[PDB]
Each structure stands twice: as structure tokens, then as C-alpha cells.
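Here is how names work: the chains are called A, B, and so on, in the same order as the sequence lines, proteins then strands, and each is numbered from 1. Every heavy atom of this structure was used, including side-chain atoms; hydrogens, water molecules and symmetry mates were not.
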Number of protein chains: 4
Amino acid sequence: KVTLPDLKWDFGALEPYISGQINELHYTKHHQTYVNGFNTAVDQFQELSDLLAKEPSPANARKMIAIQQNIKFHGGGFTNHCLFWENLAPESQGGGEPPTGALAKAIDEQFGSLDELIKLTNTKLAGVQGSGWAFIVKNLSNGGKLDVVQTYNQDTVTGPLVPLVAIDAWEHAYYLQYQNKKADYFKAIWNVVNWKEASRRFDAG
Amino acid sequence: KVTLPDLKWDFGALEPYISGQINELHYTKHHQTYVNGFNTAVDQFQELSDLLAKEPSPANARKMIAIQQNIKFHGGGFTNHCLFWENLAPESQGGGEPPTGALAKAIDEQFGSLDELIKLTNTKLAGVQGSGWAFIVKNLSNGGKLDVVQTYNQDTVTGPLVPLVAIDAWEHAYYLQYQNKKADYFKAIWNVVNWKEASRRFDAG
Amino acid sequence: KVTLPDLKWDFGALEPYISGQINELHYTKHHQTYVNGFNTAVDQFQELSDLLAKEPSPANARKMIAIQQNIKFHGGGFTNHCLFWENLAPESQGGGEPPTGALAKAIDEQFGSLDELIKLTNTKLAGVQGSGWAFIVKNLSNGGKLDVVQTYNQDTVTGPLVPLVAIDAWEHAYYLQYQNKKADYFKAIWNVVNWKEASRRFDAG
Amino acid sequence: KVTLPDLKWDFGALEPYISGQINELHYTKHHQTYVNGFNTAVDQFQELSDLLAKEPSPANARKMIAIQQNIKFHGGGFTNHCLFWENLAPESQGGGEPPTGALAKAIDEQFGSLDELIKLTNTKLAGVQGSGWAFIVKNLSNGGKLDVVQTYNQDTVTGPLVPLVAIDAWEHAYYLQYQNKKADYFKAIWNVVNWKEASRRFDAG
Ligand SMILES: [Mn+3]
Ligand SMILES: [Mn+3]
Ligand SMILES: [Mn+3]
Ligand SMILES: [Mn+3]
């Protein structure tokens, strides 16, 4: 069912900011595991769905509840990493080039400059006290205003919050290259952020 | 699909410990709402399941994640209240009579007496800092040992933790009769706890 | 130390929207309990602080961690209810009158109208799946933009999120008058919301 | 105030199960950061404590709430790693040798064998969906019974739950040696678990 997104650039294309070693593992092992976990969980839910249709018991309801956590976690892992690769690009393909259009105007109006929004995001990233993510979002419920939000583990942004830029703060995203020095990774990644994709997502809503 | 459990005793059967006013609302309004919410959520998941089979996209995955919370919450609300009514009984039907069999021996071995286990549970109930539950459980993974656990909101005990006695700590469970005096409710409810059902659940596993 | 905020209007001043019965209990019992809980927790932390200065052991650190939850919960309970009473007023004192100044302009720019912001807040309130709050906030980090956020239990808005209007979604806030019909309470409360105070808080930041 | 626990064995003493590279970083960088974070947070709380004594305002309460998270996280990080090093030992110092005394009897009575308890713990470790820990605990409230519990991030076991064996499941605990293969790390670590210390902690309570 759900599959790994097609490889766009080779693993080493984001060097020296993110290593090919990291990208190979992050994609072939970590992302694949969420793919497999999500497929398994949705399958298990379908089986329990049919079981509940036959006997709508509290005991059968309890096993549905047990599987929900795996749908959330692996579903989140699948979606978050898909977003992640799509908002990353080598400098040859426009990575690190500033956003354009309505997103660029919103950034300047709200934060004063790109650098200020980046600074805020880096603060949110360093403030993840465990595994998680930061997302630059467009909030559709308050007039399409920009904000930066943290999530933990593989929690994601849903509903009115549209993800524009996803940044992985899990230790596996940086440890082989940066080790404990996560701030250096958060600083470095903006050199390969695909702001064209972010602008596109701002417009698409 | 999922329906309200058949009424066993009339609403006023647990008086003076829990009022008929409370029981009517708790069953006909609160429990029914979880029933409806659970049916709606499982339906919505089935629709999204079919949508993912057609297009296994990250966008479609995100809406599956959004619905998971409602399955957990309403599923939990459905199951928890089912457990709740089944471990309650009027004194005429054996409510408040101490447990028997293997459960009775386990209680005495682990806690020294029924009163000590009740005291512990009441501490856990008063320690719920918001809406939630306390469960006296049998843990199947550590040799079938008794413990008391808290959950928040409509979170429940799954997997190796077998619920033996569920006690509702949501304010709607007591407010009309006891108001802020939750400790008086926690004290009073043991007069109508169905320990025969608890003993049965200990044995069934 | 921390004390209950001085009574401003009498308990029945918000009728028929919130009953005097509710307000008496909410203030004299619920709010007071958070006051007492917060004083106790900060005292206990001071004692443990001195103990750590004498012996900075992992065992002493563990008891500090245990007390943190009570500081958060009771501290939150104290602050949230203080905010709550201060953004409520009888219609005779301007309750239910629309906001003015920069807040009024921000509301119209972002949400189109007051009614739309209220609708959004009511959705967030009904979406609290347990005990909690909704807050209309000013976000100081994204250009002072308005948003509506949920918290659970006695969690609060800190740092860059400035609370403008706090609405209590705990069942004790409505149950005696509305019972299960929380939507009717969420609808009714806006008739006594102090939008002058909200405008003041928007400006003060 | 709080300091890094004195080094007992050299960084490479747990090889080939945990690398010296990992241990150097885990101790000198990760543990030190929690030490610094905990000292800073307790200092900040003392300053806010004095500020509240002067003005017990809701605004001052809000900043106390903000700092609580850092006390919990860094306090937990400090305590958890202290526990971690103390339940690890080279094979030359008794690492990997089975527990003795009352703990050994409890393990056999509850789980059937050491291998079964290890299997359960490894399941709990692999089930940490993010950063966290597994703890083999003695529960003082249910008759001193053994259990295995998960925590997330730097959350810890407090009160009646006595930590006997702490196992770090944060990716930084294994990534440089095992990368994504966390199950291999969970399997390998038992060769250097200090079960003598675990037996001692079981007895001390
Ligand atoms: Mn990742
Ligand atoms: Mn209930
Ligand atoms: Mn309240
Ligand atoms: Mn660690």
C-alpha cells in the first residue's frame, strides 16, 4: 500500500550540511520502518473493524484502541519524512534560496526577515526535549498566518495547520555527523531547505 | 454498530451513594455520546482506509492521523463506561460485598486487606488532576499481580493490564450530588462496587 | 502567600448565563483549592531546594521532580481562574460588549468578524476531550497575531502566547446549570465576556 | 550544586557491547548538559520564589509554570543517567552476572526466569516510540512486586516505584555503534548490566 517516496536526489546531494551516510539510513531504514509500521497498523484496524461489525463488544473496542497509537506514530513517521525530503534540495536545485511570492511577503510582514523566522525555528528545534519536529506552518483558521510549532515523536500538524517546512529533530537526523551538537545541525540545514516547495505549499493550502 | 449496554438495574438503585439523577445523565447522555462518537470515528476510518488504498499519499495519511484521536477517546469512553456499570451493583444484588476466590487471596497477600486496596485506589482517584479514571488491574506480564493505575480523560488499560474495577473520576460522575467534594464520592462508591464481577474478571484474564 | 483574587461582582451577577450557585463553588472551593495547592507545592520545593544544596543527590533530585507536577497543576489552576474572573463581567459593567481598539481591528482582519472568532473558540471548547481550557491569545513571536488554543487540565499559555480571553471547559464550570449540554454553556458565556479587559491585555502584551 | 557522578570505570570498559566513543559523549556531553540544565532551572525557580513572596500575582505564577518543565526534564536527565551508570559494569567487575537474594527470588516467582524478564524489558524498550527509558521497578504500594515500565524523554519513576535497572532508549545511547538497529543494542546491553546493584536497590527500597 503505502510506499517510500521516490528518490529524487542521491544520498550525498545535501553534503556538507547533511551526510550521505545519514540520508541513506534515514531513508532506507527509518522511513521504511514507518512505511511498514503504517501498512501493518491499517491492516490490523481493518481486521478489527470487521470483528466489531460482528461483535460490537467493549473487549473488541479495547483492541481497536491499542492499535490507534501505532497508526498515529507510524502514520506520522510516514507523512513527516515525506514532507521532510520534499522541503530539502541541493544548492544546485535551488536549496537554500529564499522563498518567493505570498510566502515571502508573509514572512517579512510577520517576522521582519527570513533570518528572524529561521532564528525562531532554531529556538523551537533546540527546545524539543526528546525526539520530535519543528514545523513552519500556515494557519488557515486565523487568516492564513505563519507560525512555528513543535511536535514530539512522530506527532504531526493536521487540520487547519498547513506544514510549509518540516525539520527533523530526532537524533538519528544528525547524530552520525554532529553527535550532541544539535544546534550546529539546526544552523546548517537551512542551506539545503527547499523554500520553493514551501512557497508552493503556502499557496496550495 | 456499537450500542449502549442493556440497562440492568434502574437509575436509582445505587442510592444514596450515587443519585438516579447522575446515573440517568451518565448513561443516557454521556455514555451515548461516546457510543455515537465511536461509531462515527470507525466509519470515517473505513472511508479513509479505502481512500488510502486508491491513493497512499502523505496527505491522505494525515487525515487518518486526525481521526485516530477520536477513535481512542470515544472508543475509550464506550469501553470504560461499559466496565463501570458492570462493576457496580445495588446492595440487594451483592454490591459492596467483598471479593472472593483467587482475587480475595491476591488482595490480602499484596495489600494486607480490602480496606488498604480501597485506600490506595481512593488516593489514586483524588490524584487525578483533571478528568480520568482509576483501575484496579491484574497485570498478566508480571505473574498476574494486582496494581492500581490512573488514566486521564477516556484513556484505558489495554494489553497485559486486565481491568478488574473501573472507577470514574470525571466530574460528571459525582458533581450533581457531591459538587467539589470528590473525596466523599470516592469513599461512598465502594458500598456499591460489584466485587463478584471483579473476581470473575480476575479469573477470566 | 498566593491568595484568592478579591471578589469584584457578587456570585449571581452573571445570571442567567452562569448561575450564582456555580460561581460560589467555582471561586470558594475550586479556586481556593488551587491557591492552597500552589502555596503547598512552592513551600515543598523550597524545602527540597535547601536539601539539594546540602546533598545534590539523584535521590533528592527525584523528589524535586515529583513536586513539579503539583506546581504546574495548582499554579495553572491559580493563574487560569484569575484570568477567568477578570475576563468576565455583568452586562451592567460592559459584559458582552464587543472589543475596541487594536484588538477589534486584528479580529476583523484575521477572522472577518467577532462572531467568527467566537464560533472558532466554541469549536475549540467543544473539542476539549476531557478537562481543560480554550484561550484567545496574542502571539508575540509571529507579529502579534491572534489565535485560539486549547489546553488540558490546568495547563496554561506561557511565554510568547499572551492570554486575552480564558474560557473554562472543566465540567464544574457548567454542570450544575447545563449538565451534559456544554455547547449551550459555550454559547451563553459570550454574553458576559469582558472584551474591554481582552482589549487591555492585547495592548499590554 | 549538582555535579556529574564520579567516573568509576573508563569509557571503553563496556566494550564490545557499548563503545567508548558512545560513553564519552553520553557522559561528558549529554549528562553534563542535564547537570547544567538542572542547576540553571533550580536557580531560576529560587529567583521566582522570592519574586512571588514579594508579589503573589498570576503573572509571576505563569513564569514559575514555564520553568517547571525544565526542572522535570533536566532533573530527570540528571537522575536517570546517574541510575544508568550505576547499573552498568564491565564483566570483570561482575557485569552480566545474574541477580542474587530477594530480587533473584522475586524474578523467578514473577517471571519464571531472568531471561523472561529481560525479554519483557526488551519488548518495552523497542516499544518506546521516540526518546525514553525502560525501568525494571519494585512497586512498594502493591507488596513490593516487580514490573517493567516505560517513560518518555527524561521522565522518571517517582514515589512508590523504585528503579532497579534503568535502560536508556534515547538514540544517542546506541546510534554511533548500532545506528537504526536498536534491538541489537537492547539485546547486547544485558552483558554489562550490574545486577548486584539492582539487588542492592531492591533491598534498600
Ligand atoms: Mn527522522
Ligand atoms: Mn463518565
Ligand atoms: Mn474551573
Ligand atoms: Mn541518555
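- The distance from atom CG of D:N180 to atom CD of A:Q32, rounded to the nearest 0.5 Å, is 11.5 Å.
- To the nearest 0.5 Å, atom CD1 of residue A:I22 and atom CD of residue D:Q179 are 11.0 Å apart.
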Audit row: A:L176, D:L176, side-chain contact (heavy atoms from CB on, under 4.5 Å) steps and yes/no: CA-CA 6 Å; A:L176 290 175; D:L176 290 175; 3.8 Å; yes
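- Nearest heavy-atom pair across D:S131 and A:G130 is OG-C, 3.8 Å.
- The side-chain contact (heavy atoms from CB on, under 4.5 Å) test with D:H172 is passed by exactly one of A:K182, A:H172, A:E171: A:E171.
- Ring geometry for D:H30 against A:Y175 counts as parallel: the plane angle stays under 30°, on a 0 to 90° scale with 60° as the upper cut.
- Counting non-hydrogen atoms of neighbouring residues, nucleotides and ligands closer than 6.0 angstrom, the NZ atom of D:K181 exceeds 12 such neighbours.
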Residue pair A:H74, D:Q129: steps toward the side-chain contact (heavy atoms from CB on, under 4.5 Å) verdict: CA-CA 9 Å; A:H74 293 289; D:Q129 289 178 143; 4.1 Å; yes
